[PDB]
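The first sequence begins at 18 in the working numbering and counts up by one.
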Amino acid sequence: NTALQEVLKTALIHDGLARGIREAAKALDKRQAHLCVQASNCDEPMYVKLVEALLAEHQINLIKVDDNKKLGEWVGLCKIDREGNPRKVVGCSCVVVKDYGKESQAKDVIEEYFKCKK
RNA sequence: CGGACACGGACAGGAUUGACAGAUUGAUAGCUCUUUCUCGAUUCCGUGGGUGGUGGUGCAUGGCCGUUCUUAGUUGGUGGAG
Ligand SMILES: [Zn+2]
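Have a look at this one:
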C-alpha cells in the first residue's frame with residue numbers, strides 16, 4: 018500500500034528526469050540508470066518494446082503505471098494551481114533517476130524490485 | 001536579436017539550440033541548401049505591451065555655453081511728485 022502510492026512521490030523533488038518531446042526515450046543509453054517508469058497506455062507497441070529492449074537484458078527496472086498524463090504532474094511541470102489551469106501537460110512516458118541525493122524513503126522502491134523480480 | 005513581460009497555442013506517441021562535408025558566399029556567416037547527428041524547457045508562435053535609435057523637432061525644453069556686454073550698469077523699502 019506504500020510502494021504504488023507514496024514512495025515514488027519522494028523520488029521526484031529536484032532529481033534528474035527527462036523533459037519534453039526530445040529526450041523521453043533518450044536516457045536509457047547511459048550507465049547512470051536507476052529506477053525508471055513507463056506508462057501502460059502507449060499508443061504504439063514499439064515504444065514500450067523499445068524501453069524493454071535495453072533494460073530486460075540489463076539491471077534497469079520499469080514500473081507500469083496507467084498513463085503518461087498522470088505522470089505529467091510527477092516530472093516537475095506543475096500545472097495544478099490556484100489561479101491556473103489544472104490541465105496543461107501531456108506527460109512523459111519514460112523518465113529515470115540519475116541520483117537520489119536524499120535517503121529518507123528511497124528503500125521502498127527497490128524493496129518492490131528484489132521481492133518478485135529478484 | 002541583445003523582441004522584457006502578460007495570455008493562448010505549440011507542446012514527452014516528437015516544442016527548440018548547435019554543427020563536419022559539399023554546388024551555396026564577398027566570407028571556415030549551418031546564411032541558406034542536400035544529408036544527418038546534437039542540444040533539454042532554455043525556447044518557438046500568435047496577440048497585446050516594453051525597448052533601442054549619432055531617427056525627427058534646439059521654434060516643446062533642461063543643463064551648459066556664446067553674445068548685445070568689458071562697457072558701468074541695475075533694483076527694492078519708506079517718504080515726495082502725478
Ligand atoms: Zn524621422
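Beta carbons are placed, not taken as given, at the ideal position from N, Cα and C, and that holds for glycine.
Asked	Found
Alpha-carbon to alpha-carbon, residue 105 and residue 97	9 Å
For residue 29 and residue 35, the rounded distance between their alpha carbons	11 Å
Integer Cβ distance of residue 109 from residue 88, believed to fall under 8 Å	6 Å
Coarse secondary structure for residue 59, derived from DSSP in three states	coil
Close-in-space but distant-in-sequence residues of the same chain around residue 112 (CB under 7 Å, 5 per side omitted)	34, 35, 53, 54 and 92
Beta-carbon gap between residue 24 and residue 126 smaller than 8 Å	yes
Alpha-carbon spacing of residue 81 relative to residue 69, whole angstroms	11 Å
Residue 37 to residue 86 span [Cα, whole Å]	13 Å
Same chain only: Cβ atoms within 6 Å of residue 94, ignoring 5 sequence neighbours per side	106
Residue 73 classed as buried or exposed, judged by whether at least 16 other C-beta atoms fall within 10 angstroms	exposed
Proximity below 8 Å, CB of residue 78 to CB of residue 117	no
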